[PDB]
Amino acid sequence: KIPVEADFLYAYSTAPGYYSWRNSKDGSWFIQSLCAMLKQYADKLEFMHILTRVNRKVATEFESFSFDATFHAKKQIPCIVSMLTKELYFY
């Protein structure tokens, strides 16, 4: 038998408890970054390593810009939740 919860991966855009950020022109920081990293690396890297690059890209290359000071200059880290039992290569 295997567990019924095995072989799921939840790629969350943000850490538990937090807001997640979206740009009105370019889309959400997380999906922008996820698509860029899959485009660049899906033929070469295992999926958790792609998602770790996504974490770094969201964490380092984005910062909110808001006319509301309360919401300005804020940051985001995504949250990879893996119940996978094997490595995942898209090729």
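A residue's number is simply how far along the shown sequence it sits, counting from 1.
- Annotation for 21-29 versus 75-83: the higher mean temperature factor (C-alpha) is found in 21-29.
- Here 51-59 and 38-46 are compared by their mean Cα B-factor, and 38-46 comes out higher.
- Placement of the Cα temperature factor of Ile2 within the chain: highest third of the modelled residues, per the deposited record.
- Sorting the modelled residues of the chain by their CA temperature factor places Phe67 in the highest third.
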